Amino acid sequence: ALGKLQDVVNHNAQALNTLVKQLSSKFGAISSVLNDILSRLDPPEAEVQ
Amino acid sequence: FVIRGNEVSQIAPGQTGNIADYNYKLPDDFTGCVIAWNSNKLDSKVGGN
């Protein structure tokens, strides 16, 4: 009966979760953690990552 | 300045090395040209320069 309102709630939380999930994406880089990239590479390639 | 043959790669922005860290440091946003040429004829001696 109350599918529409719950759907809105369902979309909003899912969107935030997806955005949060996007932080765990390498995006074609060696790591998803900035601290590891700084601690492991020189600035010419760390800047690229 | 005068350096070794193998140290010419270290005269670059963002490089980790001994002369890079403790002798001559380049900034990350460096613009310009590095010129390197062999000076065995002038800067070397048979007894050790």
# chains A, B, ... in the order shown; residues from 1 in each chain; ligands from 1
>>> residues_around(residues="segment 20-35 of chain A", least_positions_apart="5", cutoff="12 Å", atoms="only C-alpha atoms", output="PyMOL selection string")
chain A and resi 13-15+40-41+45-49
>>> closest_atom_pairs(of="chain B", to="chain A", cutoff="10 Å", atoms="only C-alpha atoms", output="Markdown table")
| residue | atom | partner | partner_atom | distance |
| --- | --- | --- | --- | --- |
| B:12 | CA | A:44 | CA | 9.6 |
| B:13 | CA | A:44 | CA | 7.3 |
| B:14 | CA | A:43 | CA | 5.1 |
| B:15 | CA | A:42 | CA | 6.5 |
| B:16 | CA | A:42 | CA | 7.3 |
| B:28 | CA | A:43 | CA | 7.4 |
| B:29 | CA | A:44 | CA | 9.9 |
>>> residues_around(residues="residue 19 of chain B", least_positions_apart="4", cutoff="9 Å", atoms="only C-alpha atoms", output="list in words")
residues 3, 7, 10, 11, 23, 24 and 25 of chain B
>>> select_by_dssp(residues="chain B", states="alpha helix (DSSP H)", output="list in words")
residues 18, 19, 20, 21 and 22 of chain B
>>> write_last_selection(atoms="C-alpha atoms", output="PDB file, in the first residue's frame")
ATOM      1  CA  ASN B  18      70.962  11.041  -1.911  1.00  0.00           C
ATOM      2  CA  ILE B  19      71.941  14.111  -3.927  1.00  0.00           C
ATOM      3  CA  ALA B  20      68.227  14.732  -4.577  1.00  0.00           C
ATOM      4  CA  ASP B  21      67.422  14.918  -0.859  1.00  0.00           C
ATOM      5  CA  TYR B  22      70.619  16.266   0.727  1.00  0.00           C
TER       6      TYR B  22
END
>>> atom_distance(atom1="atom CA of residue 46 of chain B", atom2="atom CA of residue 4 of chain B")
16.6 Å
>>> decode(residues="segment 9-39 of chain B", atoms="N, CA and C atoms", output="mmCIF file, in the first residue's frame")
data_model
loop_
_atom_site.group_PDB
_atom_site.id
_atom_site.type_symbol
_atom_site.label_atom_id
_atom_site.label_comp_id
_atom_site.auth_asym_id
_atom_site.auth_seq_id
_atom_site.Cartn_x
_atom_site.Cartn_y
_atom_site.Cartn_z
ATOM 1 N N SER B 9 69.638 10.672 -13.535
ATOM 2 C CA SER B 9 68.206 10.431 -13.405
ATOM 3 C C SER B 9 67.635 11.084 -12.155
ATOM 4 N N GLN B 10 68.473 11.353 -11.153
ATOM 5 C CA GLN B 10 68.015 11.914 -9.890
ATOM 6 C C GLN B 10 67.853 13.425 -9.947
ATOM 7 N N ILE B 11 68.372 14.077 -10.983
ATOM 8 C CA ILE B 11 68.155 15.521 -11.174
ATOM 9 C C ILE B 11 66.832 15.639 -11.923
ATOM 10 N N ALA B 12 65.747 15.460 -11.177
ATOM 11 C CA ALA B 12 64.394 15.517 -11.707
ATOM 12 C C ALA B 12 63.458 15.874 -10.564
ATOM 13 N N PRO B 13 62.291 16.452 -10.862
ATOM 14 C CA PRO B 13 61.297 16.691 -9.808
ATOM 15 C C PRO B 13 60.778 15.405 -9.179
ATOM 16 N N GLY B 14 60.614 15.439 -7.856
ATOM 17 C CA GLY B 14 60.007 14.335 -7.138
ATOM 18 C C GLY B 14 60.848 13.093 -6.960
ATOM 19 N N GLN B 15 62.157 13.169 -7.169
ATOM 20 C CA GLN B 15 62.997 11.981 -7.115
ATOM 21 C C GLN B 15 63.536 11.725 -5.712
ATOM 22 N N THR B 16 63.606 10.446 -5.348
ATOM 23 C CA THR B 16 64.187 10.002 -4.086
ATOM 24 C C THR B 16 65.613 9.540 -4.347
ATOM 25 N N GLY B 17 66.558 10.125 -3.626
ATOM 26 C CA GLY B 17 67.965 9.853 -3.847
ATOM 27 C C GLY B 17 68.777 10.536 -2.775
ATOM 28 N N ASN B 18 70.095 10.451 -2.920
ATOM 29 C CA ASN B 18 70.962 11.041 -1.911
ATOM 30 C C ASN B 18 71.270 12.489 -2.267
ATOM 31 N N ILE B 19 71.700 12.737 -3.507
ATOM 32 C CA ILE B 19 71.941 14.111 -3.927
ATOM 33 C C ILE B 19 70.620 14.846 -4.137
ATOM 34 N N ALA B 20 69.541 14.113 -4.439
ATOM 35 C CA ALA B 20 68.227 14.732 -4.577
ATOM 36 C C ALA B 20 67.726 15.275 -3.244
ATOM 37 N N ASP B 21 67.931 14.524 -2.165
ATOM 38 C CA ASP B 21 67.422 14.918 -0.859
ATOM 39 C C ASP B 21 68.375 15.835 -0.099
ATOM 40 N N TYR B 22 69.682 15.569 -0.143
ATOM 41 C CA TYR B 22 70.619 16.266 0.727
ATOM 42 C C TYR B 22 71.550 17.230 0.002
ATOM 43 N N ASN B 23 71.513 17.294 -1.328
ATOM 44 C CA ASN B 23 72.424 18.168 -2.062
ATOM 45 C C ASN B 23 71.686 19.166 -2.944
ATOM 46 N N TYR B 24 70.827 18.702 -3.851
ATOM 47 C CA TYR B 24 70.123 19.588 -4.771
ATOM 48 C C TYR B 24 68.711 19.061 -4.965
ATOM 49 N N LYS B 25 67.721 19.867 -4.597
ATOM 50 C CA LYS B 25 66.317 19.486 -4.665
ATOM 51 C C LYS B 25 65.608 20.311 -5.730
ATOM 52 N N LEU B 26 64.817 19.641 -6.568
ATOM 53 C CA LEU B 26 63.997 20.329 -7.553
ATOM 54 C C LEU B 26 62.548 20.389 -7.083
ATOM 55 N N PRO B 27 61.828 21.476 -7.349
ATOM 56 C CA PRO B 27 60.408 21.519 -6.987
ATOM 57 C C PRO B 27 59.572 20.659 -7.922
ATOM 58 N N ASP B 28 58.370 20.313 -7.447
ATOM 59 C CA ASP B 28 57.445 19.515 -8.247
ATOM 60 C C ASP B 28 56.953 20.267 -9.479
ATOM 61 N N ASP B 29 56.839 21.593 -9.394
ATOM 62 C CA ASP B 29 56.320 22.410 -10.483
ATOM 63 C C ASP B 29 57.444 23.054 -11.286
ATOM 64 N N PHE B 30 58.608 22.406 -11.321
ATOM 65 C CA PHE B 30 59.788 22.954 -11.977
ATOM 66 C C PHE B 30 59.609 23.040 -13.488
ATOM 67 N N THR B 31 59.992 24.180 -14.054
ATOM 68 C CA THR B 31 60.049 24.380 -15.493
ATOM 69 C C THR B 31 61.460 24.819 -15.866
ATOM 70 N N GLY B 32 61.956 24.309 -16.980
ATOM 71 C CA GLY B 32 63.295 24.610 -17.426
ATOM 72 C C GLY B 32 63.925 23.387 -18.050
ATOM 73 N N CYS B 33 65.239 23.455 -18.247
ATOM 74 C CA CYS B 33 65.964 22.373 -18.903
ATOM 75 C C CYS B 33 67.186 21.959 -18.098
ATOM 76 N N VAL B 34 67.421 20.652 -18.018
ATOM 77 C CA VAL B 34 68.625 20.105 -17.408
ATOM 78 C C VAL B 34 69.563 19.660 -18.526
ATOM 79 N N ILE B 35 70.816 20.098 -18.436
ATOM 80 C CA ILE B 35 71.843 19.798 -19.420
ATOM 81 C C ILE B 35 72.901 18.970 -18.711
ATOM 82 N N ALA B 36 73.246 17.818 -19.274
ATOM 83 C CA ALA B 36 74.283 16.976 -18.696
ATOM 84 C C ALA B 36 75.243 16.551 -19.793
ATOM 85 N N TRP B 37 76.540 16.687 -19.531
ATOM 86 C CA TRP B 37 77.540 16.201 -20.471
ATOM 87 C C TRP B 37 78.740 15.640 -19.725
ATOM 88 N N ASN B 38 79.386 14.657 -20.349
ATOM 89 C CA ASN B 38 80.547 14.010 -19.753
ATOM 90 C C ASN B 38 81.726 14.975 -19.702
ATOM 91 N N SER B 39 82.429 14.971 -18.574
ATOM 92 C CA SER B 39 83.587 15.828 -18.350
ATOM 93 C C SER B 39 84.773 15.009 -17.869
#
